[PDB]
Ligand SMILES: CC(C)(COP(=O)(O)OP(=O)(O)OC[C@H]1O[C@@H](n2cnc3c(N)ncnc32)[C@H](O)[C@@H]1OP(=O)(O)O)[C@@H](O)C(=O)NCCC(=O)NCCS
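Starting off, we have a lone chain in the form solved without coenzyme A, written out as structure tokens.
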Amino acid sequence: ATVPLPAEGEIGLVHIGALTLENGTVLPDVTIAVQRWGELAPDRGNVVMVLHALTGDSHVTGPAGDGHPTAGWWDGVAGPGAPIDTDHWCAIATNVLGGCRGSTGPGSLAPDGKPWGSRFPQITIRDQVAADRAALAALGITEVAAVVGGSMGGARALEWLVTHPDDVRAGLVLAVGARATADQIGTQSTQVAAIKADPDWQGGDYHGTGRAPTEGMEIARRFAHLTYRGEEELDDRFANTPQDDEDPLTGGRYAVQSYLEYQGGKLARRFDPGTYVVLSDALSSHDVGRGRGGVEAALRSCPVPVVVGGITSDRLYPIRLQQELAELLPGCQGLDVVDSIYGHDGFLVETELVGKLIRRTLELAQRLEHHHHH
């Protein structure tokens, strides 16, 4: 029968069984990790699906501890009277398919008892939607009030809206495009190449060997982190200043260099290289128009009310992409600009501005749910 939600804030492991993927590969025995905040309404009409980005997980909000290395990636967003007001909403977040924080990914054990590793299938954003839909269906949830996400989570949100418009009332699509761009695929494929160059990659079958391509993932993450920054803010913050008392003229580090090294290290302590590869390839696959007559036709026939957010200084998902989403989606009233110096990472750091987009999306979803009968 249907499986119960985990206790508030705790990890629930939802076993959804075999999943047929977009490329025709069957992935057996999938598990999706779930966290939720807020009660499920008796009519199951109050679900807000919170969709994490590349290195995110199900830990949207709350402090570090009890298996979580840091505070939630959107800490503060869900709570009483918060942008996701848990007095009304049931905020659910999964660990994405391919992930390394409780869901089936390359580190997970294949039927042969060895990690998937190099055997892990190519997945798409659509596969990530399909796995989350199945996890919800196993929890007895067939309709969602809203999908919300930034970055890779915006790609997930947008595919969810386009693929299942009859089963979502509204969405927030923040800091993403309709499809991966040449520059996104370029950086993503080159980050992947930096991981695969690392001799400890062992063809993707390093899991359980005691060696891992952390060094190559640290290089990938340093390049990705630059794509996430606002150029002007980064120069205002570090300029060409040396790190502490080091002397770059005789081989010491610059402050921005030391910072990037620290970012690489932080990721290597919490995140799996193989997951980085799989999710980076799923981002390169992003294309809402595939099999749907292209991006313009796919977005123009999607009727879902949508808040489209774009960040002025974003270098990875530049604001022209969100202007295109806002023009093509008929349920978008106009682009909501996030006026920020913090680049793409504004989707995480501009808590007040992002929280206002979320609250607008959910006020809209509540009005539509009052008129939606199921």
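One rule holds for the numbers: they count along the sequence shown, beginning at 1.
Omitted from view is the form deposited with coenzyme A bound, to which the following refers.
Put simply, of 337, 41, 348, 328 only one has a heavy atom within 4.5 Å of coenzyme A in the bound PDB entry, and it is 348. When you look in the bound PDB entry, the only residue of 211, 114, 270, 300 with a non-hydrogen atom within 4.5 Å of coenzyme A is 270. Partner contact region in the bound PDB entry: 221 to 229, out of 181 to 189, 118 to 126, 221 to 229, 167 to 175, criterion any non-hydrogen atom within 4.5 Å of coenzyme A. In the bound PDB entry, coenzyme A sits within 4.5 Å of a heavy atom belonging to residue 56. When coenzyme A is considered in the bound PDB entry, residue 196 lies well away from it, no heavy atom lying within 4.5 Å. A residue is said to contact a partner when one of its heavy atoms sits within 4.5 Å of a partner heavy atom; residue 237 meets this definition for coenzyme A in the bound PDB entry. Within 4.5 Å of any heavy atom of coenzyme A in the bound PDB entry lies no heavy atom of residue 202.
The candidate spot formed by 275, 278 and 284 lies out of contact with coenzyme A in the bound PDB entry, as no residue has a heavy atom within 4.5 Å of it. Contacts of stretch 248 to 268 with coenzyme A in the bound PDB entry, defined by any heavy atom lying within 4.5 Å, are made by 255, 258, 259, 262, 263, 266, listed in sequence order.
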